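Q: One structure follows; several queries about it will come next.
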Amino acid sequence: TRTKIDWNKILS
Amino acid sequence: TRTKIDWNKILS
Amino acid sequence: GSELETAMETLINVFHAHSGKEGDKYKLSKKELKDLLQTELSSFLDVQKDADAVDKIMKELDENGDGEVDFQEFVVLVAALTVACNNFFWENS
Amino acid sequence: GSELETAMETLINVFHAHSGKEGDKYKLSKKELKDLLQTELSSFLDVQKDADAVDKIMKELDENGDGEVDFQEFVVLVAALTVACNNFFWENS
Ligand SMILES: [Ca+2]
Ligand SMILES: [Ca+2]
Ligand SMILES: [Ca+2]
Ligand SMILES: [Ca+2]
């Protein structure tokens with residue numbers, strides 16, 4: 001998952 | 001008398 | 001900075017100016033919100049022309065009921081009035 | 001323009017660029033939102049690195065369930081992620 005960012009998911 | 005600008009109230 | 005990035009960093013630094021001098025380091029206060037918005041949007045936003053108008057906004061932002069405004073509250077406010085401007089701008093085309 | 005005013009007009013004009021060419025004159029579409037946000041915040045916001053991430057945002061913005069995004073929806077989105085950046089910026093001080 002490091003190769004990708006799930007921060008926006010922080011919003012959801 | 002009247003409110004010249006009461007737009008911000010639009011949000012409230 | 002890109003057009004959108006330009007606007008992101010602007011709200012974050014201007015807010016630091018009023019919030020970290022006349023109030024809590026990372027939190028805004030009833031007097032700090034009024035000063036930040038009026039200084040640059042004095043004639044626009046409804047604040048000084050309606051001291052009552054500033055109070056209606058705090059109520060909407062006093063969601064936590066803390067009597068202060070967090071950057072999550074302030075940013076929500078500027079974002080929601082500008083959108084209202086675009087809709088009322090097309091009313092008279 | 002004042003620092004705050006600078007940022008208000010920026011979101012309003014950039015949005016016009018993608019929204020009035022590849023889609024409805026005053027309404028955004030699933031492909032227009034992805035293009036507007038990625039072009040200038042490609043490497044930042046989570047969109048291209050996570051096509052799924054763009055979908056989670058539309059669901060949160062598909063409040064009307066119209067499959068499109070209105071300037072009232074888009075402006076709410078950029079406003080809510082930047083605030084999350086300030087809070088996560090102090091985590092590592
Ligand atoms: Ca303060
Ligand atoms: Ca509050
Ligand atoms: Ca469109
Ligand atoms: Ca929608």
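Here, A, B, ... name the chains of the structure tokens in the order displayed, residue numbers run from 1 inside each chain, and ligands are numbered from 1 in the same displayed order.
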Output the neighbourhood of ligand 3 as a list in words, that is, all protein and nucleic acid residues with some atom at most 10 Å from the ligand, counting only C-alpha atoms and all ligand atoms.

A: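 So the residues close to ligand 3 are residues 15, 16, 17, 18, 19, 20, 21, 22, 23, 24, 25, 26, 27, 28, 29, 30, 31, 32, 33, 68, 69 and 70 of chain D.
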
Q: Limited to N, CA, C and O atoms, could you put the picked residues into a file as a PDB file, in the first residue's frame?

A:
```pdb
ATOM      1  N   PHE D  15     -12.191  25.592 -12.352  1.00  0.00           N
ATOM      2  CA  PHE D  15     -13.368  24.691 -12.484  1.00  0.00           C
ATOM      3  C   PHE D  15     -14.084  24.987 -13.809  1.00  0.00           C
ATOM      4  O   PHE D  15     -14.530  24.090 -14.486  1.00  0.00           O
ATOM      5  N   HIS D  16     -14.193  26.224 -14.184  1.00  0.00           N
ATOM      6  CA  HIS D  16     -14.867  26.564 -15.472  1.00  0.00           C
ATOM      7  C   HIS D  16     -14.125  25.895 -16.643  1.00  0.00           C
ATOM      8  O   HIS D  16     -14.728  25.423 -17.587  1.00  0.00           O
ATOM      9  N   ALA D  17     -12.822  25.883 -16.598  1.00  0.00           N
ATOM     10  CA  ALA D  17     -12.013  25.283 -17.708  1.00  0.00           C
ATOM     11  C   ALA D  17     -12.432  23.839 -18.044  1.00  0.00           C
ATOM     12  O   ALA D  17     -12.722  23.520 -19.178  1.00  0.00           O
ATOM     13  N   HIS D  18     -12.430  22.958 -17.081  1.00  0.00           N
ATOM     14  CA  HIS D  18     -12.790  21.527 -17.375  1.00  0.00           C
ATOM     15  C   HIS D  18     -14.310  21.335 -17.489  1.00  0.00           C
ATOM     16  O   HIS D  18     -14.800  20.619 -18.340  1.00  0.00           O
ATOM     17  N   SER D  19     -15.040  21.943 -16.611  1.00  0.00           N
ATOM     18  CA  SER D  19     -16.530  21.820 -16.571  1.00  0.00           C
ATOM     19  C   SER D  19     -17.250  22.374 -17.812  1.00  0.00           C
ATOM     20  O   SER D  19     -18.320  21.908 -18.149  1.00  0.00           O
ATOM     21  N   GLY D  20     -16.736  23.391 -18.457  1.00  0.00           N
ATOM     22  CA  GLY D  20     -17.476  23.988 -19.620  1.00  0.00           C
ATOM     23  C   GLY D  20     -16.945  23.504 -20.966  1.00  0.00           C
ATOM     24  O   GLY D  20     -17.356  24.007 -21.993  1.00  0.00           O
ATOM     25  N   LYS D  21     -16.050  22.545 -20.996  1.00  0.00           N
ATOM     26  CA  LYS D  21     -15.523  22.058 -22.318  1.00  0.00           C
ATOM     27  C   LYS D  21     -15.843  20.574 -22.484  1.00  0.00           C
ATOM     28  O   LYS D  21     -16.486  20.175 -23.433  1.00  0.00           O
ATOM     29  N   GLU D  22     -15.379  19.750 -21.594  1.00  0.00           N
ATOM     30  CA  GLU D  22     -15.631  18.284 -21.728  1.00  0.00           C
ATOM     31  C   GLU D  22     -16.923  17.875 -21.014  1.00  0.00           C
ATOM     32  O   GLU D  22     -17.131  16.711 -20.740  1.00  0.00           O
ATOM     33  N   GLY D  23     -17.797  18.796 -20.693  1.00  0.00           N
ATOM     34  CA  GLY D  23     -19.042  18.374 -19.987  1.00  0.00           C
ATOM     35  C   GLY D  23     -20.119  19.459 -20.010  1.00  0.00           C
ATOM     36  O   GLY D  23     -20.104  20.373 -20.811  1.00  0.00           O
ATOM     37  N   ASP D  24     -21.065  19.326 -19.118  1.00  0.00           N
ATOM     38  CA  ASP D  24     -22.191  20.297 -19.034  1.00  0.00           C
ATOM     39  C   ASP D  24     -21.659  21.700 -18.755  1.00  0.00           C
ATOM     40  O   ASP D  24     -20.684  21.885 -18.057  1.00  0.00           O
ATOM     41  N   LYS D  25     -22.282  22.685 -19.333  1.00  0.00           N
ATOM     42  CA  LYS D  25     -21.810  24.083 -19.155  1.00  0.00           C
ATOM     43  C   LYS D  25     -21.643  24.427 -17.666  1.00  0.00           C
ATOM     44  O   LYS D  25     -20.615  24.943 -17.274  1.00  0.00           O
ATOM     45  N   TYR D  26     -22.637  24.192 -16.832  1.00  0.00           N
ATOM     46  CA  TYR D  26     -22.511  24.569 -15.379  1.00  0.00           C
ATOM     47  C   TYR D  26     -22.476  23.332 -14.469  1.00  0.00           C
ATOM     48  O   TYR D  26     -22.687  23.443 -13.279  1.00  0.00           O
ATOM     49  N   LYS D  27     -22.208  22.158 -14.989  1.00  0.00           N
ATOM     50  CA  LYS D  27     -22.165  20.948 -14.100  1.00  0.00           C
ATOM     51  C   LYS D  27     -20.976  20.066 -14.476  1.00  0.00           C
ATOM     52  O   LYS D  27     -20.558  19.985 -15.613  1.00  0.00           O
ATOM     53  N   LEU D  28     -20.422  19.440 -13.485  1.00  0.00           N
ATOM     54  CA  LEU D  28     -19.230  18.571 -13.669  1.00  0.00           C
ATOM     55  C   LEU D  28     -19.695  17.120 -13.902  1.00  0.00           C
ATOM     56  O   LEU D  28     -20.831  16.785 -13.680  1.00  0.00           O
ATOM     57  N   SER D  29     -18.815  16.271 -14.351  1.00  0.00           N
ATOM     58  CA  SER D  29     -19.172  14.837 -14.608  1.00  0.00           C
ATOM     59  C   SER D  29     -18.114  13.921 -13.981  1.00  0.00           C
ATOM     60  O   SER D  29     -17.029  14.355 -13.646  1.00  0.00           O
ATOM     61  N   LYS D  30     -18.411  12.651 -13.835  1.00  0.00           N
ATOM     62  CA  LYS D  30     -17.400  11.713 -13.242  1.00  0.00           C
ATOM     63  C   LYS D  30     -16.023  11.884 -13.909  1.00  0.00           C
ATOM     64  O   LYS D  30     -15.004  11.828 -13.250  1.00  0.00           O
ATOM     65  N   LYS D  31     -15.954  12.070 -15.188  1.00  0.00           N
ATOM     66  CA  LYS D  31     -14.609  12.221 -15.825  1.00  0.00           C
ATOM     67  C   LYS D  31     -14.090  13.648 -15.649  1.00  0.00           C
ATOM     68  O   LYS D  31     -12.897  13.860 -15.562  1.00  0.00           O
ATOM     69  N   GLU D  32     -14.935  14.628 -15.600  1.00  0.00           N
ATOM     70  CA  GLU D  32     -14.404  16.008 -15.435  1.00  0.00           C
ATOM     71  C   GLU D  32     -13.827  16.204 -14.026  1.00  0.00           C
ATOM     72  O   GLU D  32     -12.818  16.846 -13.867  1.00  0.00           O
ATOM     73  N   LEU D  33     -14.440  15.661 -13.001  1.00  0.00           N
ATOM     74  CA  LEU D  33     -13.857  15.847 -11.630  1.00  0.00           C
ATOM     75  C   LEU D  33     -12.477  15.208 -11.569  1.00  0.00           C
ATOM     76  O   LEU D  33     -11.542  15.767 -11.049  1.00  0.00           O
ATOM     77  N   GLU D  68     -22.937  13.309 -11.077  1.00  0.00           N
ATOM     78  CA  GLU D  68     -22.179  14.498 -11.560  1.00  0.00           C
ATOM     79  C   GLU D  68     -21.723  15.264 -10.314  1.00  0.00           C
ATOM     80  O   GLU D  68     -22.109  14.918  -9.215  1.00  0.00           O
ATOM     81  N   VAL D  69     -20.925  16.289 -10.449  1.00  0.00           N
ATOM     82  CA  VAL D  69     -20.478  17.054  -9.234  1.00  0.00           C
ATOM     83  C   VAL D  69     -20.745  18.538  -9.462  1.00  0.00           C
ATOM     84  O   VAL D  69     -20.346  19.108 -10.450  1.00  0.00           O
ATOM     85  N   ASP D  70     -21.431  19.167  -8.547  1.00  0.00           N
ATOM     86  CA  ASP D  70     -21.744  20.617  -8.700  1.00  0.00           C
ATOM     87  C   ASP D  70     -20.670  21.435  -7.985  1.00  0.00           C
ATOM     88  O   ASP D  70     -20.013  20.967  -7.076  1.00  0.00           O
TER      89      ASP D  70
END
```

Q: Superimpose chain D on chain C so that the squared distances between all in-order C-alpha pairs are minimised, and send the result as a JSON list (two decimals) with C-alpha atoms, in the first residue's frame.

A:
```
[["chain", "number", "residue", "atom", "x", "y", "z"],
["D", 1, "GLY", "CA", 2.36, 26.50, -7.53],
["D", 2, "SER", "CA", -0.56, 25.32, -9.62],
["D", 3, "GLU", "CA", -3.77, 27.41, -9.64],
["D", 4, "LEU", "CA", -5.45, 25.00, -7.19],
["D", 5, "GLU", "CA", -2.33, 24.49, -5.06],
["D", 6, "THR", "CA", -1.92, 28.28, -4.93],
["D", 7, "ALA", "CA", -5.27, 28.59, -3.11],
["D", 8, "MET", "CA", -4.60, 25.71, -0.67],
["D", 9, "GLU", "CA", -1.47, 27.19, 0.86],
["D", 10, "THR", "CA", -2.99, 30.70, 0.97],
["D", 11, "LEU", "CA", -5.86, 29.88, 3.41],
["D", 12, "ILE", "CA", -3.44, 27.85, 5.56],
["D", 13, "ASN", "CA", -0.86, 30.70, 6.04],
["D", 14, "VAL", "CA", -3.25, 33.69, 6.43],
["D", 15, "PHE", "CA", -5.11, 31.73, 9.11],
["D", 16, "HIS", "CA", -1.80, 31.19, 10.96],
["D", 17, "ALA", "CA", -1.25, 35.00, 11.08],
["D", 18, "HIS", "CA", -4.36, 35.86, 13.18],
["D", 19, "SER", "CA", -4.76, 32.48, 14.96],
["D", 20, "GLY", "CA", -1.17, 32.27, 16.35],
["D", 21, "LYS", "CA", -0.85, 35.89, 17.64],
["D", 22, "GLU", "CA", -4.12, 37.15, 19.17],
["D", 23, "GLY", "CA", -5.27, 33.67, 20.27],
["D", 24, "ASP", "CA", -4.51, 29.97, 20.80],
["D", 25, "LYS", "CA", -1.53, 28.69, 18.81],
["D", 26, "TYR", "CA", -3.61, 26.15, 16.76],
["D", 27, "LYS", "CA", -7.19, 27.36, 17.51],
["D", 28, "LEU", "CA", -9.20, 30.44, 16.51],
["D", 29, "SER", "CA", -11.45, 32.54, 18.83],
["D", 30, "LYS", "CA", -14.66, 34.59, 18.37],
["D", 31, "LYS", "CA", -12.52, 37.74, 17.89],
["D", 32, "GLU", "CA", -9.87, 36.08, 15.70],
["D", 33, "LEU", "CA", -12.43, 34.76, 13.15],
["D", 34, "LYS", "CA", -14.02, 38.21, 12.79],
["D", 35, "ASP", "CA", -10.60, 39.86, 12.22],
["D", 36, "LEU", "CA", -9.31, 37.30, 9.69],
["D", 37, "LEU", "CA", -12.41, 37.40, 7.47],
["D", 38, "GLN", "CA", -13.11, 41.16, 7.70],
["D", 39, "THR", "CA", -9.56, 42.39, 7.08],
["D", 40, "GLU", "CA", -9.43, 41.06, 3.49],
["D", 41, "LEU", "CA", -13.19, 40.52, 2.87],
["D", 42, "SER", "CA", -14.41, 43.48, 4.97],
["D", 43, "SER", "CA", -16.53, 44.92, 2.16],
["D", 44, "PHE", "CA", -17.54, 41.47, 0.77],
["D", 45, "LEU", "CA", -18.59, 38.75, 3.30],
["D", 46, "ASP", "CA", -21.31, 40.04, 5.72],
["D", 47, "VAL", "CA", -19.38, 40.82, 8.97],
["D", 48, "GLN", "CA", -18.84, 44.47, 9.91],
["D", 49, "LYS", "CA", -21.94, 45.69, 8.01],
["D", 50, "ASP", "CA", -23.75, 43.17, 10.20],
["D", 51, "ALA", "CA", -22.01, 42.29, 13.47],
["D", 52, "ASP", "CA", -25.00, 39.98, 13.85],
["D", 53, "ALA", "CA", -23.95, 38.26, 10.62],
["D", 54, "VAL", "CA", -20.63, 37.17, 12.18],
["D", 55, "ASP", "CA", -22.61, 35.62, 15.07],
["D", 56, "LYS", "CA", -24.81, 33.53, 12.73],
["D", 57, "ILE", "CA", -21.64, 32.07, 11.17],
["D", 58, "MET", "CA", -20.12, 31.13, 14.58],
["D", 59, "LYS", "CA", -23.31, 29.32, 15.50],
["D", 60, "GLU", "CA", -23.04, 27.33, 12.29],
["D", 61, "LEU", "CA", -19.33, 26.75, 13.08],
["D", 62, "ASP", "CA", -19.81, 26.27, 16.82],
["D", 63, "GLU", "CA", -20.68, 22.69, 15.99],
["D", 64, "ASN", "CA", -18.47, 21.52, 18.83],
["D", 65, "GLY", "CA", -20.00, 24.37, 20.84],
["D", 66, "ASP", "CA", -16.48, 25.36, 21.93],
["D", 67, "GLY", "CA", -16.88, 29.15, 21.33],
["D", 68, "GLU", "CA", -13.76, 28.93, 19.09],
["D", 69, "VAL", "CA", -13.25, 28.02, 15.38],
["D", 70, "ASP", "CA", -10.91, 25.26, 14.16],
["D", 71, "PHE", "CA", -9.22, 25.36, 10.75],
["D", 72, "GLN", "CA", -11.70, 22.58, 9.86],
["D", 73, "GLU", "CA", -14.53, 24.98, 10.72],
["D", 74, "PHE", "CA", -13.08, 28.11, 9.06],
["D", 75, "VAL", "CA", -12.15, 26.35, 5.80],
["D", 76, "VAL", "CA", -15.67, 24.90, 5.61],
["D", 77, "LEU", "CA", -17.05, 28.50, 5.92],
["D", 78, "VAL", "CA", -15.06, 30.23, 3.11],
["D", 79, "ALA", "CA", -15.74, 27.22, 0.88],
["D", 80, "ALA", "CA", -19.54, 27.39, 1.38],
["D", 81, "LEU", "CA", -20.03, 31.18, 0.77],
["D", 82, "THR", "CA", -18.03, 31.39, -2.51],
["D", 83, "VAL", "CA", -20.18, 28.57, -3.98],
["D", 84, "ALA", "CA", -23.24, 30.66, -3.07],
["D", 85, "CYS", "CA", -21.67, 33.53, -5.06],
["D", 86, "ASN", "CA", -21.47, 31.53, -8.31],
["D", 87, "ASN", "CA", -25.16, 30.52, -8.07],
["D", 88, "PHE", "CA", -26.33, 34.10, -7.36],
["D", 89, "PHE", "CA", -24.05, 35.39, -10.14],
["D", 90, "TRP", "CA", -26.06, 33.53, -12.79],
["D", 91, "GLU", "CA", -29.37, 34.86, -11.42],
["D", 92, "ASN", "CA", -28.84, 38.15, -13.31],
["D", 93, "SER", "CA", -26.65, 36.51, -15.98]]
```

Q: Let's have chain B fitted on chain A; use all the C-alpha atoms paired in order for the least-squares step and return it as a compact mmCIF listing (two decimals) with N, CA, C and O atoms, in the first residue's frame.

A:
```
# COMPACT_ATOMS: atom_id res chain seq x y z
N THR B 1 4.07 -4.14 -0.28
CA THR B 1 3.41 -3.11 -1.12
C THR B 1 2.69 -2.10 -0.21
O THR B 1 2.29 -2.42 0.89
N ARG B 2 2.52 -0.89 -0.67
CA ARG B 2 1.83 0.14 0.16
C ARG B 2 1.11 1.14 -0.76
O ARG B 2 1.38 1.21 -1.94
N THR B 3 0.19 1.89 -0.22
CA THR B 3 -0.56 2.87 -1.06
C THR B 3 0.18 4.21 -1.07
O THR B 3 0.29 4.88 -0.06
N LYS B 4 0.67 4.60 -2.20
CA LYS B 4 1.41 5.90 -2.31
C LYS B 4 0.49 7.06 -1.91
O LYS B 4 0.91 7.98 -1.23
N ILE B 5 -0.75 7.04 -2.33
CA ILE B 5 -1.71 8.14 -1.97
C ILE B 5 -3.04 7.52 -1.50
O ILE B 5 -3.78 6.94 -2.28
N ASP B 6 -3.34 7.65 -0.24
CA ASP B 6 -4.62 7.10 0.33
C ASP B 6 -5.29 8.22 1.13
O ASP B 6 -6.12 8.00 1.99
N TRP B 7 -4.90 9.42 0.84
CA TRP B 7 -5.44 10.60 1.56
C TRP B 7 -6.97 10.71 1.38
O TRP B 7 -7.70 10.88 2.33
N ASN B 8 -7.48 10.61 0.18
CA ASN B 8 -8.96 10.73 0.02
C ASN B 8 -9.65 9.78 1.02
O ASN B 8 -10.72 10.06 1.53
N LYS B 9 -9.02 8.68 1.33
CA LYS B 9 -9.63 7.76 2.32
C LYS B 9 -9.74 8.52 3.63
O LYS B 9 -10.60 8.26 4.45
N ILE B 10 -8.87 9.48 3.83
CA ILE B 10 -8.91 10.29 5.08
C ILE B 10 -10.35 10.75 5.30
O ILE B 10 -10.85 10.76 6.40
N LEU B 11 -11.01 11.12 4.24
CA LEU B 11 -12.42 11.58 4.39
C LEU B 11 -13.30 10.38 4.76
O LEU B 11 -14.19 10.48 5.57
N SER B 12 -13.06 9.25 4.16
CA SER B 12 -13.88 8.04 4.47
C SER B 12 -13.28 7.30 5.67
O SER B 12 -13.36 6.08 5.70
```
